[PDB]
Each structure stands twice: as structure tokens, then as C-alpha cells.
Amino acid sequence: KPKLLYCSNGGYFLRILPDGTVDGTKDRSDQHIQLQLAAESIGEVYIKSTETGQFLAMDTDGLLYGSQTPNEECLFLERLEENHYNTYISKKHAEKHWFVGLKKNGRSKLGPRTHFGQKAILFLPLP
């Protein structure tokens, strides 16, 4: 079943738009925020648009984008927190510790600027 991913940062909702831009919006009633993430392995996720069909990917520059094709850059790893919010990692760029993050202006974040402890790094699934 669907889920909205609520970022603690500014109270936005991860949004994959059809062109492939990933940002957050605070208009919970929007078509593109509905997200469906399936576990493809032990603590390994795939978040994907319920509407457009595309995927959450992060290129080798740290920019999260929407991909048509599930490809090596679509597996983020889930990791529950102490406060019960998640934290998704790029699996291709784990080494680096590049996460999924939104800024307080909506602009998605760059993997090479996601540090453990940011309020950006935390997302919390809602129905």
C-alpha cells in the first residue's frame, strides 16, 4: 500500500515529478507524492511513483532524480532511527554515505552534503 514520505526538515513530502525532478511539497493532497516502496533485499528498498511509474534514483553526482528504468542507482537502504524516522542510503554510493534529503526550501539535497544528524536525512512514512 501507498505511503507519503514525510521529511522532518520542513514538513514536506518527497515528490517525484514526471519530468524527473525530485522535490518536496507540503500539499499532501497531490497526485505525485503517493509513493510505493518495495523491499528488494535485507534492508534494501525501492521507492517508486504510484502515478508516473518512475523511480527514485541518485546519479553519480549526488542528485536524486526520477528514473524510468529501475537501475543500479535505485536501491536505497532503509534504516530505522532511534526516534523512529527512517534514513535512506544510496546503495551505489554507500561508501560515501550519500543520503536522500530535502532542504528547507524544497530543493532536494546533494548526496555529497548529507551528514548523519541533519533533519534533512530523516523521512517518516505516512499513509
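A residue's number is simply how far along the shown sequence it sits, counting from 1.
For the pair 57 to 65 and 43 to 51, the mean Cα B-factor is higher in 43 to 51. Of the two segments, 83 to 91 and 66 to 74, the one listed with the higher mean B-factor is 66 to 74 (C-alpha atoms only). Considering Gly11, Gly117, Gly20, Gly106 together, the PDB entry gives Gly117 the largest C-alpha B factor. In the PDB entry, a CA B factor belonging to the lowest third of its chain's modelled residues is recorded for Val100.
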